[PDB]
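# Close look at the chain arrangement
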Amino acid sequence: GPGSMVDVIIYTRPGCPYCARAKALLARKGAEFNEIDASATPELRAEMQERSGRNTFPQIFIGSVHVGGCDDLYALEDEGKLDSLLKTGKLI
């Protein structure tokens, strides 16, 4: 259909190196995404960190699936599949 694009959202916090790198990496390819803070609140940071199971990491939501973080972004960009993930909004 006329409009091969999906809504992308990213959750990060002030003072996150691994997060910034991810955001820039996604912006480099030209992938637009909404930058939102998580540390802003306990719940926003809890639900996010609860998805990964660690202290705190960058969340990359593409389409209807949750990519991951700097690891998923770096691991995906290595294969060049992310381009299709942001275009289709789903996992092959």
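Residues numbered from 1 in each chain as written, not as in the entry; some residues may be left out. Heavy atoms only, no water.

Listed as the method for this PDB entry is solution NMR.

## Topic: the nonpolar core
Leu-26, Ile-60, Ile-62, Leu-73, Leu-82 and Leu-86 are the most contacted members of the largest nonpolar core, which totals 13 residues. Other than its neighbours up to four places away in sequence, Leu-82 contacts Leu-26, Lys-29, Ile-62, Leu-73, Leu-76 and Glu-77. (Core = buried A, V, L, I, M, F, W, Y, C linked by side-chain atoms within 4.5 Å. Buried < 20%, exposed > 50% of the residue type's maximum accessible area, 1.4 Å probe, protein only. Contact = heavy atoms within 4.5 Å.)

## Some words on the pairing of strand β2 (residues 34–37)
Strand direction decides the pairing type here: strand β1 (residues 8–12) and β2, joined by four bridges, are parallel. Residue pairing in the sheet places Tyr-11 in a bridge with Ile-36 of β2. (Pairing = 2+ DSSP bridges. Helix = DSSP H or I, 4+ residues; strand = E, 2+ residues; numbered from the N terminus.)

## What about the pairing of β1?
Residues in a regular strand point their side chains to alternate faces of the sheet. Of all five residues in β1, four are buried, a share of seventy percent or more. Note that β1 and strand β3 (residues 59–62) share four bridges and pair antiparallel. Along β3, the bridge assignment pairs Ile-10 with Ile-60. In this view, the connection linking β1 to its parallel neighbour β2 by way of helix α1 (residues 17–28) has right-handed handedness. (Right-handed = clockwise from strand over helix to strand, strands pointing away.)

## Side note on the environment of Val-65
If you trace the backbone, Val-65 turns up in strand β4 (residues 65–68). For the pair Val-65 and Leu-91, spaced 26 residues apart in the sequence, the C-alpha separation amounts to 7.5 Å. The residues contacting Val-65, other than those within four sequence positions of it, are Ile-60, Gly-89, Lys-90 and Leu-91.

## Quick word on the packing of α1 against helix α3 (residues 70–77)
The N-to-C vectors of α1 and α3 enclose an angle of 35 degrees; their axes lie 9 Å apart at closest approach. Classified by chirality, the crossing of α3 by α1 is left-handed. Facing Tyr-18, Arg-21, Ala-22, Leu-25 and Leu-26 of α1, the residues of α3 in contact are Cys-70, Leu-73, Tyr-74 and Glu-77. Across the contact of α1 with α3, the residue classes break down as seven nonpolar, no polar and two charged. (Axes fitted to C-alpha atoms, helices over the stretch in contact; angles between N-to-C directions. Left-handed = near helix turned anticlockwise from the far one by under 90°. Nonpolar A, V, L, I, M, F, W, Y, C, P; charged D, E, K, R; others polar.)

## Some remarks on the environment of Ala-46
Note that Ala-46 resides in helix α2 (residues 42–52). For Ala-46, a relative accessible area of 29% corresponds to the partly exposed category. Put simply, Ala-46 and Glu-35 are 11 residues apart on the chain and 18 Å apart in space, counted from C-alpha to C-alpha.

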